[PDB]
Every structure is written in structure tokens, then in C-alpha cells.
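Participant: Before I ask anything, here's the sequence and the deposited coordinates:
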Amino acid sequence: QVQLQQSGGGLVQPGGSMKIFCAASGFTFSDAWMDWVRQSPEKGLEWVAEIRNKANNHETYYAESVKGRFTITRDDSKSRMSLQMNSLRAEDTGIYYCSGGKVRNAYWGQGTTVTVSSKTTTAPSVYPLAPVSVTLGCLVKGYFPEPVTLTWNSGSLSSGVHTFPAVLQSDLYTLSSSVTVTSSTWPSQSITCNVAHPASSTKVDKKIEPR
Amino acid sequence: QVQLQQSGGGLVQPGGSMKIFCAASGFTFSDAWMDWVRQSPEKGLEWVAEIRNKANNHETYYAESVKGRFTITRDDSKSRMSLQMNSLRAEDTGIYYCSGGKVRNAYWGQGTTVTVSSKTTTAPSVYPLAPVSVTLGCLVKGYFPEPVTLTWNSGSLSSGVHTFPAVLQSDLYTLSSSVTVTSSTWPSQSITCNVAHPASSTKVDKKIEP
Amino acid sequence: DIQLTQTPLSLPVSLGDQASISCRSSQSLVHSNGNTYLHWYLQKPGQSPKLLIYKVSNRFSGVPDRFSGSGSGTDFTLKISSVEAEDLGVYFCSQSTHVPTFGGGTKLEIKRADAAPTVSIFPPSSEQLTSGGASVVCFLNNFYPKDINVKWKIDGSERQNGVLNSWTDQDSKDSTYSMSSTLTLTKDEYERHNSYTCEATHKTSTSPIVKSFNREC
Amino acid sequence: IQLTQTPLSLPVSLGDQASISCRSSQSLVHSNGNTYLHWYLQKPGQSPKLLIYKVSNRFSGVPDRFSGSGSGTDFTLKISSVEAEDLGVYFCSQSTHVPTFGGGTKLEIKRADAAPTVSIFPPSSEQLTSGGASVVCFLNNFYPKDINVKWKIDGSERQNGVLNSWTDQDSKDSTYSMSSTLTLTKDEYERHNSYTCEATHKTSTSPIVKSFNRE
Amino acid sequence: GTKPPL
Amino acid sequence: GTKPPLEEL
Ligand SMILES: *[C@H]1O[C@H](CO)[C@H](O)[C@H](O)[C@H]1NC(C)=O
Ligand SMILES: *[C@H]1O[C@H](CO)[C@H](O)[C@H](O)[C@H]1NC(C)=O
Ligand SMILES: [Zn+2]
Ligand SMILES: [Zn+2]
Ligand SMILES: [Zn+2]
Ligand SMILES: [Zn+2]
């Protein structure tokens, strides 16, 4: 199977530098035409830079918005490319996708986020929400940057779950999740909220207790 | 002046044995922590073995992949150490560096080449490349193993020289060199290509003729 | 530049029915070599974009032939016969004849029967209160259609400052939506009041759907 | 212990800063309180040379343009005001445990952009009379590094029996050079007369072309 | 449009 | 980490 795996994303100060990478497998990479494409609310999908075939001498081209600041790089022997960014701007903030193939934009990776901000990283408060058959919740409040991953019972609880997209508020994010189970299930069975925040290397468990 | 100088490498057949040596000067050898470190296209840099200070009773250690086949040894009175390698295999091929200091890996020699083989050592043919300002060439074809040394006018001509790395096809290397000079330089001034292939004991000078 | 314009913005469709999407370019996509580089993509919820069609009508490998593209010059259409649930998402066109540009996207919505929200209210956790903050949360789950109006009322009085709303994409599974509303207050005004009410007005109910608690000081 | 070094390639302008990462698969902090993380530079045709030991100590001779930082599993080499003589392959290494090295990071110097000077060379009398035929093409002082060479015999492409070799970047002018050798039997060589070396490079849409004719 | 790949 | 030399003990 073809996989494009981005890596190296995160929080950067305006004016700062950052490198992201894309590791490819499942196809003959030297044959592949590769792109970086970013996504944002304030602009939707945006082509950023491309790097052509070995056949085509690894020719590079950059979107005018990043020309001179961004350098695309590739290693066919290691099936890897990178994007090396300098003098980053708030407007560069986005999800950066790695894309390529013999056919071009044939495949896309899951993306890595690039957030350009002077706000500092902040771990989230995790709050258990007990109710007043039965719905429970978990409130993940006051973190930066994105993302977190939220899990119910270390992931083993996935039936009846709704996890909601984070929303930003005065330089901080909040997200929530609901889980619905039968009345015979809880409080008899332990249900706990698991939240990881990679940027703060934190991982917290909050058990939902009856109140 | 700290110096570390490796000698003794070359071609051996798989299953064969070889000893390489390191000679040092410019420091108190007995105080230095020494290592052998090899480099190859595959694997890159790998630590191979080490031998500690006199103070640490010359304690030795080996990378997992050479443990039992390699033996590292030193002689503080001679400022020398060596590495005896047995049951060599293709994957032992690479550049071997002598390295050490009080700081460890503080200094590194130029290295010596260990090539494990099958192929038969072969003298190069050296051909001159005269043009059809002016650029000349030298072509060194069909040799084994590495290395050869190539110079122009015995190294006196170095401005405008590009010597290209040996490439291997089918057990034989070829390499080449170009020298670019001004028009009133050649052919009034003689320009010649000096090639040495130690392994086959060849020294040869090829004058570039118009 | 070359702007590509997608139309319509959303498209609701019943399962098994055909969907039609339009993409216009601010200029011809016909290249000097006779080729037209017009591609269609689908971004499903939570996933990155995936190539459907390249060069106007060529299905990339793996793309079911219910997906079909046609058009010329500045005028292009994606047709999706037999819409399945798993088709929902945002469909994008892009052109790469010139410096590559993307459309704004077209959301495909799957028409569904009709479903009332299950509403859940949560007072602030003792954990959050024992840190001098107060958030009241309301979940409104598994509803259709997507339009819904949520109000917070504190001692009967609507509060709109400090509200944080979040909705999911449509869920392929049952075609429904879900929403989360969070009212945040200082611990002080939280304690100044005791009736807390998450309201919500939806097609599926004649009167507001009320979920309330009273604080027991 | 795995040392993961990033990026593979690092193009930087003269005077700019460059930053190189390596991360270890376990703490490099020894139980004795020291952190044994080292940085080396291997210039073209030279052996590795120690820059920094124990995270941040510059070895003797090393300018303070070069600085190391980090702790635990996460380390960085920074080079401010990069100069061309800085080019080459950087390696991190750890010896808290059994010694291991990172994969290397190649520092490349950014350059205006330059087309190759191309030169073609027929087989020498000497090779011919030994009954063999190599035709040689030199592509000198170009930038950037990617280039494509096509051999055409009597107008017709010939792509087997070609050996190519690139130099490392030359710190003197930041360019690369490239050599291409097409090898044929003498009899095959004497069966044709038009020999063409075509070089395609970023700097132009039309290949640079050099040729000779046996006739 | 722009120069495409071979 | 492995046993260091005596000057690093
Ligand atoms: C022409 O070149 C530009 C360079 O950014 C884009 O790659 C564009 O997609 C190319 N057009 C075609 C038809 O390949
Ligand atoms: C521990 O011993 C090993 C033996 O191979 C290495 O010398 C390693 O570098 C030593 N670690 C330290 C911190 O000296
Ligand atoms: Zn390249
Ligand atoms: Zn001894
Ligand atoms: Zn507590
Ligand atoms: Zn022929």
C-alpha cells in the first residue's frame, strides 16, 4: 500500500524556521511528481511548492507567497522529501499535506500542522462531566497548540462516542467529547477520559465519577 | 602536531584475514582512548572497536557484528595500535579510520580502505583526452581495487581541475579528470596526467597531445 | 491567477440519486499541448483530499465509475450516480494547466428522514470549580436536519457572551449531526445564579427542547 | 540506541544560519551525570572531524559559529553565518551507550544558478588500438546539482554502457561538476560517426549540445 | 499554461 | 549507559 507520512510539524514563532518531512512507501519514488499543499480556513486548499521527477531533474517551483522563504528537498534513495521554511508568517499557519505519484496528486498523506504564533504552549485541563440511557462527557479546556487526541477507556470504548472539533478562544483551544452507554453499564463499569497533548508531552486520565 | 596515520588495507577475499595499523605522533599515546571506526555507502559510519588508556589497563570492546573476528591491540611504547580482522565478509568492506585522544574521537586519520573482494586486481589503462578556454581530460579505465591517485603536472596544475570519483561497473572501476586552462597555455606548455594504482604497482604519465 | 469557482456550496441528495457539481475556471484550461488539466478530489470528514479524476474525465485507479467527469475549456461537471453514504464530504476541483489552483469545494449532504436531538446538560465539574473556573456544557446529539438554534438561559435570561459551539461533520454511519455548546463564566457569576438551561429549537419539535438544572446552594 | 538525524539535505545561503537535528531512541544522559552527544564534520575527501563533544563543548580549533544544545533525547547543532567552507556532511554521535552515529546531514551552499560548460572527447588512438571505445563528456561548474545527460549516436539515443560521476560541491564557487562516459566496442564505434552529448539543466529549456563526427 | 514534465 | 573509563567514574 502507498503511504505518505508527514512529520516534523508544530508551533513556531513568527520570523522563525521549521522543517517538515514526508516519508513515502509502496511506490517507485524517483518516478514520482511530488507537491506540498496546505489547507486553512482563511484560504482553503493552497498549492505551496512542487518537486519533479528524477526524469525531470528534480525541478522545483514555489507558490509566489513562499518563494524565497521555503526550500523543497528530495532523496529518492531514501524515498523522502522535506519542506524547509524560514521567516514564517501567521499566514503560513495551516495543515501541510504531502502529495505525489506518477500521476501527480495521486496520493496524499494525513498532513502535519504548522502553527505560526508567539502564544506559548499550554497543556489542557481535562474535566470529567458526570450527568445530573446515560450520557457522559469530557471537557478539554485551555490548550495550545492543536491537536490533542481524546480516547474513552484507552480507546476500547468507541460505541456511542462523539468527539467535537476544537474551537479557538483568546489564544486557547477547547474541545469536548460525549459518550452514551446503557444504564446497566455505568457507574457499574469504570469509564474514563484519556487525553494526550503531544506538544506538552502530557497524557491525562480523568475518571467519570457519579457526583 | 597530532597525527594519526592508517596503513595496511586493500583487497582480500571473503573469508580472508587482514591486519590494519595506526601510527601516531604529537601526543602521549598511553593517555589516549582509541577507536577504529569504519565508513561505507551502506550503513554509513559504524563504530568497530575500542581500546582504552593505560590507566584503564588497555580494556577493549567490539561492535556486535565483529565480536570474535576482530582483535584490537596497542603498543604505547611505539605509539601504535592495530586491528586484526579474520573471516572478513563483503559487509566489512569500507573505509577504516583510526581515531582517538584524551577526549575520544578527538582526532581522526585519513583512513585506510578495506575491500573484501572476489574481483581480481587489475591495472588501469590511462588514456589522454585531447580536445576535438581549452579543456583537457584523462580517462582511467578498467582497474581494481580502489584507489588510484591522479594528478596533473605532478600536482602543480590544480587550478581548474575536476577529478571525478571512481565508479564501479562489473568489477572494474573507471574514473576521469578534466583540466581547464587558457588558450595561450596549451599546447605550448606541456600538460600531462599522472596516474598511480598502487595495488597493481602501476605508475604512468600520459602527455596530452594536440 | 485562475480562480476556479464551485457551485453549489452545499448539495443535499437522497441515497441512490444522482448528484451534479459544477466547476468554472476564470479562463480556459486547454493547454498548448492539447490537454486539459482539471482534477476532482473528495475530502471525507477527518481525512485529507483524495484524487478522483484527473485530466477532466480520467478516473484514477480505485475510483468507482459512479464518479464521472466531463467538460471543456472553462466549464466542468462532476456527476455522482447512485450516491452512497460514504460519498459525503467536500468535493474539490483544481486545475494544473497553469500554476495550480483549487476550487472552494462543494459539500455533499445526504438527505435523511428526520431525527430529534438527544440533549444532555452538565454543570461544571467540581474539579474545574476547585480551580476557580466554571463551564456548563450541553450536548445535542444525533439530529437531522443540520439547522438548529441553541440558547443558554441563566435564571431565565438568555446569555450569548461566552458561548462556544462545535458541530460534527455529517456521520456517514447514520447521516446525522451532533453539536456541543459550552458556556464559560467566572466562578463568581456562576455561583450568583442557580437556574441553568440549555434550550435548542429544531424542526423536530414544536416547542423548545429544554434541559435544565437548579443549583442547590 | 538509534540516532535519527534530520534533514538529509540542508541548502543554506552564505551568512544564513542552519540548524541540524538529531534525536535518540533513549536518554543520552549517563548515570554518571554526563551527556555523551557529539558532532562531527566531514568535508569532501576528508575524514570526519570532531566539532563538539558532550552536547555543547567546542573542540579545540572550532569557531563559536558552531554551537550545540539540547538535552535527554533531543539535540541540535546550529551554524550561524554559514560560509562555503562549512559545506560537507555533518554527523551526530552518542557514546553514552555502545557508540552509534546519525545518518548524516549534507550542508549545501546556495548559489546563483549556473549552466554547465560542456566538453566532448572521442576515444584516444591508444584505446582504439587496444580495441575499445569510450566517449567522454565533461559538464563543469553547474548549479543546481541535478543535470541529465543524453548520449546520441547518429542522432539515435544510446542509454546502456554509460557511467556517470558527480563531484561533491566545490567550496571555491559552490558549483558541481559531472562526467559521463559512454563505452562501446571499437567495431561498434567505427560503425557510426555522429556522437552527441546532450545536457539538460534547470538553466535552460534547450539542452546544451556538443558533438563530433568521425568523418 | 506552464512547461509540463516530459 | 555502559561502564565509562575511570576518569569519568
Ligand atoms: C506548469 O508548471 C507549473 C509550475 O509550478 C505547474 O507545475 C503546472 O501545473 C505545470 N502545468 C502542467 C500542465 O504541468
Ligand atoms: C561504555 O562502554 C562502552 C564499551 O563499548 C563504550 O566505550 C561506551 O562509550 C562507554 N560509555 C561511556 C559513557 O564511556
Ligand atoms: Zn535532486
Ligand atoms: Zn595492552
Ligand atoms: Zn484534583
Ligand atoms: Zn551500431
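Facilitator: Thanks, I have it. Residues are numbered from 1 along each chain as shown, chains lettered A, B, ... in the order given. Ligands and ions are numbered 1, 2, ... in the order given.

Participant: for chain C, what spans make up the helices?
Facilitator: C:126-129, C:187-192 (DSSP state H).

Participant: how long is stretch C:61-70 end to end?
Facilitator: 18 Å (CA to CA, to the nearest Å).

Participant: Pull out the buried positions in it.
Facilitator: C:63, C:67, C:68, C:69 (16 or more other CB atoms under 10 Å in any protein chain shown). (C-beta placed from N, C-alpha, C; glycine too.)

Participant: how is chain A carved up into domains?
Facilitator: By the record's domain assignment, chain A is partitioned as A:1-118, A:119-211 (curated CATH domains).

Participant: And the residue of chain C that's closest to chain D?
Facilitator: Going by CB to the nearest CB, chain D is nearest to residue C:32 of chain C, at 13.3 Å.

Participant: Pop out the phi and psi values for the one residue sitting closest to the centre of chain C.
Facilitator: Nearest to the geometric centre of chain C sits residue C:169, at 4.2 Å (CA atoms, centre = their mean). Note on residue C:169: its backbone torsions stand at phi -60, psi 170 [degrees, to the nearest 10].

Participant: and it, how far is that from residue A:40?
Facilitator: For residue C:169, the distance to residue A:40 equals 18 Å [CB to CB, to the nearest Å].

Participant: now residue C:114
Facilitator: Residue C:114 is 35 Å from residue A:40, by CB to CB.

Participant: what about the two, which has more around it?
Facilitator: residue A:40 (14 against 11; other CB atoms under 10 Å in any protein chain shown).

Participant: That one - nearest residue in space that isn't next to it in sequence?
Facilitator: Excluding the flanking residues, the one nearest residue A:40 by CB to CB, 6 or more residues apart in numbering or on different chains is residue A:94, at 4.0 Å.

Participant: what's around the one you found, how many residues?
Facilitator: 23.

Participant: Over to the one 10 residues further on?
Facilitator: By the measure other CB under 10 Å, the count of residues near residue A:104 is 24.

Participant: ok, back up a step: in contact with the residue of chain C closest to chain D, which residues?
Facilitator: Taking CB atoms under 8 Å, 6 or more residues apart in numbering or on different chains, we find residue C:32 in contact with residue E:1.

Participant: Please work out which residue of chain A is closest to chain B.
Facilitator: With CB to the nearest CB, the shortest gap between chain A and chain B falls at residue A:77, namely 9.9 Å.

Participant: Am I right that that residue falls within a strand?
Facilitator: No - with DSSP: H, G, I helix; E, B strand; the rest coil as the criterion, residue A:77 is located in helix rather than a strand.

Participant: Would you agree residue A:54 is in contact with residue A:33?
Facilitator: No - using CB atoms under 8 Å, residue A:54 is not in contact with residue A:33, being 10.5 Å away.

Participant: Residue A:172 against residue A:143, yeah?
Facilitator: Yes - between residue A:172 and residue A:143 there is a contact at 6.5 Å, judged by CB under 8 Å.

Participant: anything in contact with each of those two?
Facilitator: Common neighbours of residue A:172 and residue A:143 (CB under 8 Å, 6+ apart) are residue A:122.

Participant: For chain A, which residues are neighbours of ligand 3?
Facilitator: Taking CB under 5 Å from the ion as the contact definition, chain A meets ligand 3 at residue A:58.

Participant: OK, contacts around the residue in chain A that ligand 3 sits nearest to?
Facilitator: Relative to ligand 3, the nearest point of chain A is residue A:58 (3.4 Å; CB to the ion). Contacts for residue A:58 (CB under 8 Å, 6+ apart) come out as A:51, A:52, A:74, D:146.

Participant: Arrange the residues you listed in a markdown table, one row each, with secondary structure as further columns.
Facilitator: Formatted as a markdown table, those follow (three-state DSSP):
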| residue | secondary structure |
| --- | --- |
| A:51 | strand |
| A:52 | coil |
| A:74 | strand |
| D:146 | coil |
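
Participant: Skipping its backbone neighbours, what lies nearest the residue of chain A closest to ligand 3 in space?
Facilitator: residue D:146 (4.7 Å).

Participant: Residue A:49: helix or strand, and which one exactly?
Facilitator: Assigned by DSSP states H and E, residue A:49 belongs to strand A:44-51.

Participant: ok, the very next helix or strand once past that strand: who's next to it in the sheet?
Facilitator: Scanning forward in sequence from strand A:44-51 by DSSP H and E, the next helix or strand is strand A:60-62. Taking DSSP bridges as the criterion, strand A:60-62 pairs within the sheet with strand A:44-51 (antiparallel).

Participant: Identify each buried residue in stretch A:147-166, please.
Facilitator: A:148, A:150, A:151, A:152, A:157, A:160, A:162, A:163, A:164, A:165, A:166.

Participant: ignore the last one, stretch C:186-205
Facilitator: C:190, C:196, C:197, C:198, C:199, C:200, C:202.

Participant: Surely the third one and residue C:209 touch.
Facilitator: I take that to be residue C:197. No - the criterion here is CB under 8 Å, and residue C:197 misses it with residue C:209 at 10.9 Å.

Participant: How many residues are close by residue C:82?
Facilitator: The local packing count at residue C:82 equals 12, with neighbours defined by other CB under 10 Å.

Participant: phi, psi of it?
Facilitator: phi 40, psi 70.

Participant: likewise residue A:29?
Facilitator: Taking degrees, to the nearest 10 as the convention, residue A:29 sits at phi -60, psi -40.

Participant: Let me know how buried the residue of chain A found nearest ligand 1 is, in neighbour terms.
Facilitator: Nearest to ligand 1, among the residues of chain A, is residue A:61, at 3.5 Å (CB to the nearest ligand atom). Residues near residue A:61, counting by other CB under 10 Å, number 16.

Participant: so what's the residue lying closest to residue A:106 once chain neighbours are set aside bridging to?
Facilitator: Leaving aside its chain neighbours, residue A:106 sits nearest to residue C:51 (5.4 Å; criterion: CB to CB, 6+ apart). According to DSSP bridges, the residues that bridge with residue C:51 are residue C:41.

Participant: circling back: distance of the residue of chain C closest to chain D relative to residue E:3?
Facilitator: 9 Å.

Participant: Can you name the residues that contact the closest residue to residue A:50 other than its chain neighbours?
Facilitator: Take residue A:50 and drop its neighbours on the chain: the residue closest to it by CB to CB, 6+ apart is residue A:35, 4.7 Å away. For residue A:35, the contact set (CB under 8 Å, 6+ apart) comprises A:47, A:48, A:49, A:50, A:51, A:98, A:99, A:100, A:104, A:105, C:100.

Participant: Could you tell me which residues of chain C lie near ligand 1?
Facilitator: C:31, C:37, C:96, C:97, C:99, C:100 (CB under 6 Å from any ligand atom).

Participant: ok, 8 Å please
Facilitator: Proximity of chain C to ligand 1 (CB under 8 Å from any ligand atom) is limited to residues C:31, C:33, C:35, C:37, C:96, C:97, C:98, C:99, C:100.

Participant: Tell me, how many residues neighbour the fourth one?
Facilitator: So that's residue C:37. 21.

Participant: Tell me who's in contact with it.
Facilitator: By CB under 8 Å, 6+ apart, residue C:37 lies in contact with C:29, C:31, C:54, C:55, C:95, C:96, C:97, E:1.

Participant: Distance check, the first one against residue C:73.
Facilitator: With distances taken as CB to CB, residue C:29 is found 7 Å from residue C:73.

Participant: ok, the two, which is more surrounded?
Facilitator: Higher neighbour count among residue C:29 and residue C:73: residue C:29, with 25 against 13, using other CB under 10 Å.

Participant: So the residue nearest to the centre of chain C is in contact with residue C:47, correct?
Facilitator: No - at 10.4 Å, residue C:169 does not count as touching residue C:47 under the criterion of CB under 8 Å.

Participant: Find residues that contact each of these two.
Facilitator: Contacts common to residue C:169 and residue C:47, judged by CB under 8 Å, 6+ apart, are residue C:89.
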